[PDB]
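Take a look at this single chain in structure tokens; it is the form deposited in one PDB entry.
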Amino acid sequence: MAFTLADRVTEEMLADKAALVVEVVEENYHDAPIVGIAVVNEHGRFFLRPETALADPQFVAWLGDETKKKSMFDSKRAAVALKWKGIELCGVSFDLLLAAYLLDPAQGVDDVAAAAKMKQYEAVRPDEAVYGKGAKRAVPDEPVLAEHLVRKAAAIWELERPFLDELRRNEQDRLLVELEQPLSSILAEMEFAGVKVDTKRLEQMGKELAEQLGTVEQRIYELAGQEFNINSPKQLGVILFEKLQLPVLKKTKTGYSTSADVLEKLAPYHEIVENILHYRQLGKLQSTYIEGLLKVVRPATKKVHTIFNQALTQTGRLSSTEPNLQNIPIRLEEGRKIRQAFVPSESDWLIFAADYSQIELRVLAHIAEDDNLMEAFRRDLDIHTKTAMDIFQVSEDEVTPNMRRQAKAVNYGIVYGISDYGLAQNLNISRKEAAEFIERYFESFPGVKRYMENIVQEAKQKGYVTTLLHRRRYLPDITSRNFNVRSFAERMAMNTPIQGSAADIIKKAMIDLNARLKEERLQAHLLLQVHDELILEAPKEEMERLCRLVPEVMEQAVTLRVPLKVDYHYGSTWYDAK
């Protein structure tokens, strides 16, 4: 494959359509080096040294010109790496990573060669083959690097039309061009902005937490009558089931289980299990949300810059890494205080948080077209209280707080394909009763039962299920003769349209919201998405406007057979936005 290893940018490199590679080899692309650039267009194939091209005013103009269209793979990686150099990338019209992901998330496409494999294109090597793995990873010599980047650009160039044609075939071209590609740009902005962190506060928390871990630890050794590694399920298992001879409720492939559920169930036998559960909660706060977080905060700006993986989950959700900012504690007050350390990036700005209320159950109502469930939402009746009345067969007055929490377990459990066994184990109740709860649920919401049956039938017939905005998931195990393998696929068939349609909706909301913020020239901007909620920061002056704009945009992103409902709060820290 012929290409020019160029020493300067020329006009023919700047055509109004091109495949572009802006190579960042570090997995975490924030403030990462760009090791090489390739361009393929109608006029030829070119390799450019970053030091050259990125200092060349014409090439920089071209990159930032939205009418000069680029086809790329993982344009967010390039856009963010470029942002860290103060260079704007616009005009990305095709992203091969996002296209491959929409066509089949199960393939786990993470490099151009893997995408190319989908169309039997083989004139390009896998990245791991060129760079090496683990401790062996290195940028090769220029001629080897140059050929690799050009081959990746040539592949994107040849593969664009084939991928667009299949997407169009699948009714997924708009999903790519109108949803995922614009979202990619919004996520790039979010990641690059980062979130500001009050490190003094975390370090203090860590100091205090270290004291308490030592206290709990020593008390556990007292109760056990022995020292051991409490963070070793293997050692813990010997203490519990051999030394203290507590009952063995469950084994894993490797040995005795010490899961939270098992330890909870052992509480009537020995008090130490409650101490141990507490110790492990504290240890995770320390290791992950104090120490782990502080490791990744940029010391001069005190910001953390997550990476949202847009092409990973099997249902269309994002994930968040290094650090994961989608699993910051909230359920326990001690852990929830971590959120006091997430603060606005400017003086006199505030954090604004908006969350969909029960979006999965509303989506289930919509998709199952169950009159009873639809009506409950149409009238905004508390769905957990409703399900309690049905599964316990009582009037609204007689529903105790605990009955509501059990009904809640049923409501989400049904959405996740739970069995009477799992429900009984989760609520620690009789399995006979758990079975009754489920039978009563289905008797009360017959449309949901028909949905579960129908969607499993559809998956068997088509080989995949689909979401509201035409995302798909293939389920080749759905007709397996093996009960376990088939059962798992059946649960995926039932859950994916629900979870994935919810993901579709919040993504569209993010796009609609950014349009409105820019439309109104507000300084407010998105910081995070946490599956069913959006977190922003803005000047304190803008709260009044956001209180109106943010929920309206989120609620109206799509129109279902039931309303969508959005709650929202704001305050001086993420913790206080409640």
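Residue indices: 1-based, along the sequence shown. Shifts are known only where both forms have a C-alpha. Between two forms, the rigid core is the largest collection of C-alphas that superpose within 1.5 Å.
Keep in mind that the form deposited in another entry is not shown, yet the notes after this line are about it.
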*Quick one: lay the two forms over each other on the core and tell me which of 482, 287, 402, 245 moves its CA by at least 2 angstroms between this form and the one not shown.*
402
*Which is it in the other form for the CA atoms of residue 397 and residue 435, closer or farther than here, knowing they shift by 3 Å or more?*
farther
_Cα distance between residue 336 and residue 402, which in the other form differs by 3 Å or more from this form, closer or farther_ = closer
*Give me the stretches of at least three consecutive residues whose Cα atoms move by 2 Å or more between this form and the one not shown once the core is superposed.*
384-410
